[PDB]
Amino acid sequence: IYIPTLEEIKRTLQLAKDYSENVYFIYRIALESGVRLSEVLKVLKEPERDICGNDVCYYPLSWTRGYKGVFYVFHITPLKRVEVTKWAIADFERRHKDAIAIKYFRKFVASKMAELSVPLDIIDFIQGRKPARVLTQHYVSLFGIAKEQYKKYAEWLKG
């Protein structure tokens, strides 16, 4: 298993910014949140629903696949509307052969969150791998527990 280095992540962000401010921003929210590309595209299609606090922002997404559940896209940068072709990202990735593929940004987030002692199953929850079934104790508790761990990562991003 390979994991991107901070410098590969930064290089990619800088290339992304040159290519397009919107592609940069997709990458950036991928880096803040550790969610899948398709979930980042959903939150940026409708930034209205984003909730921000003193330290940290969150965007609830439903998940109705097998059971009905909820998870959150955590981040630190206020959202803005972004809609780009599906092809722009792929295009970006293809021209810069030193650019980290966006899907491997999650692996950087997990790795870094582990280094900051976020428990593995909160990492999974934060990343949207195991959404909380609605109206269960997990639903009651997980958001608040996740938010508190996410602050360690927010703190690190703010550098």
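We number the residues from 1 along the sequence you see.
> Of 63 to 71 and 112 to 120, which one has the bigger average CA B-factor?
Replying inline: Higher mean C-alpha B-factor: 63 to 71.
> Looking at the entry, does 42 to 50 or 126 to 134 show the higher mean C-alpha B-factor?
Replying inline: If you average the C-alpha B-factors of 42 to 50 and of 126 to 134, the larger mean comes out for 42 to 50.
>> Ranking the modelled residues of this chain by C-alpha B-factor as given in the entry, is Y2 in the lowest, middle or highest third?
In response: As the PDB entry reports it, the C-alpha B-factor of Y2 lands in the highest third of its chain.
> Which third, lowest, middle or highest, does the CA B-factor of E32 fall in along this chain?
Replying inline: Lowest third of the chain for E32's C-alpha B-factor.
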